[PDB]
Amino acid sequence: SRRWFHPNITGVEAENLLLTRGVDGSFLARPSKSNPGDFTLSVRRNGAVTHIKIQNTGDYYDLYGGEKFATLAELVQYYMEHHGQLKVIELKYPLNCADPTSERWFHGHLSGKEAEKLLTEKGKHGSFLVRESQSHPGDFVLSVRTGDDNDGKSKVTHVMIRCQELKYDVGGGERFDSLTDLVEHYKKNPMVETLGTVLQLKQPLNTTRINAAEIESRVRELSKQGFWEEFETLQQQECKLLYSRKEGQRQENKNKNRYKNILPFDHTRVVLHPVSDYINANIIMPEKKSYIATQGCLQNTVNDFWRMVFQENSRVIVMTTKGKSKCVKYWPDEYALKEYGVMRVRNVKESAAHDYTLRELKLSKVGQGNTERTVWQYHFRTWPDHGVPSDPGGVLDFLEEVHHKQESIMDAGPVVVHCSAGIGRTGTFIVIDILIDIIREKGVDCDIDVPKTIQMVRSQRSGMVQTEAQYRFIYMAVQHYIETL
Ligand SMILES: Cc1csc([C@@]2(CN)[C@@H]3CCN(c4cnc5c(-c6cccc(Cl)c6Cl)[nH]nc5n4)C[C@@H]32)n1
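Residues numbered from 1 in each chain as written, not as in the entry; some residues may be left out. Heavy atoms only, no water.

X-ray crystallography is the method the PDB entry states for this structure, with the resolution given as 2.24 Å.

Per the PDB entry, the chain goes by the name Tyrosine-protein phosphatase non-receptor type 11 and belongs to Homo sapiens. The record lists the entry's title as "SHP2 in complex with a novel allosteric inhibitor". Reading the Catalytic activity entry of the UniProt record for the chain gives the comment "O-phospho-L-tyrosyl-[protein] + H2O = L-tyrosyl-[protein] + phosphate". Under the UniProt heading Sequence similarities, the note attached to the chain is "Belongs to the protein-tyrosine phosphatase family. Non-receptor class 2 subfamily." (UniProt positions renumbered as here; feature names shortened; annotations may be inferred.)

Pasting the structure below:
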């Protein structure tokens with residue numbers, strides 16, 4: 001779990017909580033209340049609290065005096081399992097948070113009538129939510145749908161959850177220190193009624209899926225902040241996505257990664273055909289077009305990048321970065337020819353639009369003329385140094401052009417997409433592209449689910465979509481596209 005993350009605490013509350021409810025080796029993570037975008041790792045040692053800053057400007061979580069990571073879970077996992085790397089500070093005992101805010105099933109101040117509508121309309125068998133009790137302030141209510149699939153056969157069931165002396169119960173039996181512990185217990189051990197109805201908690205109720213028509217209303221709802229609630233609930237689910245990255249950790253592949261600990265998952269990684277099969281890259285299939293999310297090239301991986309492009313039959317490359325070296329120049333100068341190991345790349349022509357440069361590249365394998373094909377490299381140049389674009393028109397027009405290019409090429413491979421780490425901008429672009437392609441094919445009358453789409457992408461490469469600003473920007477981009485339609 002990710003219960004070590006406390007989203008609503010101050011730094012004083014963090015200290016007092018570690019000093020009273022913790023011991024030496026206890027830790028918690030928390031958002032920087034002063035500077036939103038940043039986080040803090042507060043750890044206890046020798047009867048005292050030490051606070052370590054973690055910045056995320058959009059590319060990666062940068063631990064101050066430490067390594068760079070794709071998620072906070074992957075960060076915590078690394079230092080719990082690699083002793084003496086954090087300087088010496090040991091992470092031993094995660095101080096768990098009681099606050100239900102960032103759980104999928106928690107709906108806050110939601111009325112009883114409006115909870116019943118949602119379960120009738122959107123819910124199915126085992127769909128549940130927890131809400132603050134209208135009657136008794138302090139108490140909560142667990143509303144569960146049961147039965148089949150107007151119809152008759154299904155039904156809603158409410159269950160009062162009493163708060164007595166800082167612990168929670170359903171009117172009998174065990175008393176839990178948090179609503180999470182309560183809900184997770186009755187997931188495992190369903191309540192059965194007197195006439196044999198099993199009150200199963202199969203899935204939380206989906207309220208993030210919208211019809212694309214009502215995007216403007218939902219953005220208006222999320223602005224009055226509701227964007228934070230939706231985003232930090234998504235962040236809490238990253239503990240489900242700690243899949244193995246063993247191949248990126250091998251000694252043979254250590255210097256092939258730009259960021260040592262931002263690694264590709266084994267089950268989705270691009271395998272190239274002593275240890276010559278590795279590249280820090282992942283196939284992203286939506287759940288029809290696909291993508292490869294990868295890092296910006298190092299000097300020592302340019303040959304591998306071109307082998308990947310060739311192997312995968314990729315015809316479109318989206319580069320999304322223009323005072324640091326985020327990428328090494330892996331393409332020849334205009335009109336020039338280069339050999340990158342066994343691969344050969346001519347730059348036929350460059351074309352400047354306002355937001356981007358297009359480079360027409362002819363890729364072939366050395367010794368084989370018949371292997372040639374055109375790769376169209378779209379270099380996006382107007383992404384700001386700090387934050388996200390204030391208007392999404394540029395990204396949308398860019399992606400529209402990129403899409404029409406890919407669609408013009410018969411049996412083209414996945415669209416290669418990269419930035420610095422291959423997770424922030426790369427993830428924000430790919431997700432915008434997934435959501436826009438839904439609307440493009442099936443029109444304004446179709447359902448879309450922003451955080452679900454991100455989670456599905458996050459399960460294929462670590463930490464795809466990095467910040468709340470990028471999360472907000474995806475919404476704003478999808479909104480702008482529907483308005484300009
Ligand atoms: C204090 C307070 C007041 S209202 C509120 C909440 C958050 N608990 C209520 C509950 C509904 N919700 C949600 C619901 N599904 C969310 C997904 C999500 C959606 C689909 C699949 C997956 Cl895998 C995920 Cl991870 N991410 N983010 C989500 N947020 C937003 C709002 N909290």
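Next comes the rest of the description.
Student: So what's going on with the overall build of the chain? Residues and values would help.
Tutor: Secondary structure assignment for the chain yields eleven helices and 23 strands. Its C-alpha atoms give the chain a radius of gyration of 25 Å, within 12% of the compact-globule value 23 Å for 485 residues. Seen through its C-alpha atoms, the chain measures out along the principal axes to roughly 75 × 60 × 40 Å. Carbon and sulfur atoms make up 47% of the accessible area of the chain, which amounts to about 23400 Å² in all. Across the chain, the 64 positively charged side chains and the 63 negatively charged ones have centroids separated by 4 Å. (Helix = DSSP H or I, 4+ residues; strand = E, 2+ residues; numbered from the N terminus. Rg over C-alpha atoms; globule rule 2.2 N^0.38 Å. Areas by Shrake-Rupley, 256 points an atom, 1.4 Å probe, with all protein chains shown as cover. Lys, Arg positive; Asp, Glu negative; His and termini not counted. Charge placed at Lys NZ, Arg CZ, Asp CG, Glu CD.)

Student: Account for the nonpolar core, naming residues and giving values.
Tutor: Ranked by internal contacts, the top residues of the largest apolar core, which has 50 residues, are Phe398, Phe429 and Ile432. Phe398 has contacts with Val318, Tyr356, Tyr378, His379, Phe380 and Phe429, leaving out every residue within four places of it along the chain. Judged by nonpolar contacts, the second largest core, of 24 residues, contains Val270, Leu272, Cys327 and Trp331. (Core = buried A, V, L, I, M, F, W, Y, C linked by side-chain atoms within 4.5 Å. Buried < 20%, exposed > 50% of the residue type's maximum accessible area, 1.4 Å probe, protein only. Contact = heavy atoms within 4.5 Å.)

Student: An account of the UniProt feature "active site" in the chain is needed here, citing residue identities and associated values.
Tutor: UniProt's entry tags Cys419 with the feature "active site", counted in the numbering of this structure. Relative to the helices and strands, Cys419 is located in the loop between β22 (415-418) and α9 (425-442). If near-sequence neighbours (up to four positions away) are discounted, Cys419 is found in contact with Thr294, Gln295, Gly296, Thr320, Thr321, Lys326, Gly424, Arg425 and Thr426.

Student: Can you lay out the sheet that holds strand β4 (residues 61-63) for me, pointing to particular residues and giving the numbers?
Tutor: On the basis of which strands lie adjacent, the open sheet formed by six strands has the order β5-β4-β3-β2-β1-β6 and mixed pairing. Here the strands that pair on one side only, and so sit at the sheet edges, are β5 (68-69) and β6 (93-94). Bridge count between strand β1 (residues 26-31) and strand β2 (residues 39-44): five bridges; the pairing is antiparallel. Paired with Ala29 across the two strands is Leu41, which belongs to β2. (Pairing = 2+ DSSP bridges.)

Student: Give a description of the site of the ligand that names residues and reports values.
Tutor: Around the ligand, the surrounding shell holds 16 residues, and the nearest of these are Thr101, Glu103, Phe106, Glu229 and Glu230. Here a nitrogen atom of the ligand sits 3.2 Å away from a polar atom, N or O, in the side chain of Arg104. Interatomic distance of 2.7 Å between a backbone N/O atom of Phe106 and a nitrogen atom of the ligand. Taking 670 Å² as the accessible area of the ligand by itself, protein coverage stands at 86%. Listed by contribution, the elements that provide at least two residues to the shell around the ligand are α6 (226-236) and α10 (450-458). Counted by class, the shell around the ligand contains three nonpolar, eight polar and five charged residues. (Near = heavy atom within 4 Å. Polar contact = N/O pair within 3.5 Å; in protein donor to acceptor, adjacent residues only side chain to side chain. Nonpolar A, V, L, I, M, F, W, Y, C, P; charged D, E, K, R; others polar.)

Student: Please set out the domain arrangement of the chain residue by residue, giving values where relevant.
Tutor: Here the chain is described as being made up of domain 1 (11-94) and domain 2 (224-483). Taking only C-alpha atoms into account, the centre of domain 1 sits 30 Å from that of domain 2. In this assembly, 16 residues from domain 1 lie in contact with 23 residues from domain 2. When domain 1 packs against domain 2, the two sides together hide about 1700 Å² of surface, and 50% of this comes from carbon and sulfur. Of all residues in domain 1, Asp59, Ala70 and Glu74 bury the most surface against domain 2, accounting for 31% of the area lost on that side. Applying the counting rule to domain 1 against domain 2 returns two salt bridges. With a closest N to O distance of 3.9 Å, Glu74 and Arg245 form a salt bridge. The interface formed by domain 1 and domain 2 contains nine residue pairs in polar contact. Those elements that place two or more of their residues in the side of domain 1 that touches domain 2 are β5 and α2 (72-81). (Domains from an automatic or database assignment. Buried area = accessible area lost by both parts, 1.4 Å probe. Salt bridge = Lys/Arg side-chain N within 4 Å of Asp/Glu carboxyl O.)

Student: So what about the UniProt feature "binding site: substrate" in the chain? Which residues, and what values?
Tutor: As recorded in UniProt, the sites labelled "binding site: substrate" are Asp385, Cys419, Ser420, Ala421, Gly422, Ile423, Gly424, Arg425 and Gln466. Inspection of the secondary structure assignment puts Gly422 in the loop between β22 and α9. We classify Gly422 as buried; its relative accessible area is 0%. Here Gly422 is in contact with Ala293, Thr294, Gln295, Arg461 and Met464, once residues within four sequence places are set aside. Locating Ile423 in the fold gives a position in the loop between β22 and α9. Here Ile423 falls in the buried class, since its relative accessible area comes to 0%. In this structure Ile423 touches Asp59, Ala70, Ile262, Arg461, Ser462, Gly463, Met464, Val465 and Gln466, once residues within four positions along its chain are discounted.

Student: Give a detailed account of the pairing of β22, specifying residues and quantitative values.
Tutor: With burial as the criterion, each face of β22 is covered, one bearing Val415 and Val417 and the other bearing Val416 and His418. Direction of pairing for strand β16 (residues 291-294) relative to β22: parallel, over a ladder of four bridges. Bridge pairing in β22 links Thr294 to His418. Note: strand β17 (residues 316-319) against β22, three bridges, orientation parallel. From the neighbouring strand, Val318 faces β22, where its bridge partner is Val417.

Student: Tell me about the pattern of salt bridges, residues and numbers included.
Tutor: Scanning the entire structure with this criterion turns up 24 salt bridges. Between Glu339 and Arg344 there is a salt bridge; the shortest N-O distance is 2.7 Å. Exposure remark for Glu339: the relative accessible area of 48% places this residue in the partly exposed category. By sharing partners, the salt bridges in this structure join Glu247, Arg250 and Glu252 into a single network.

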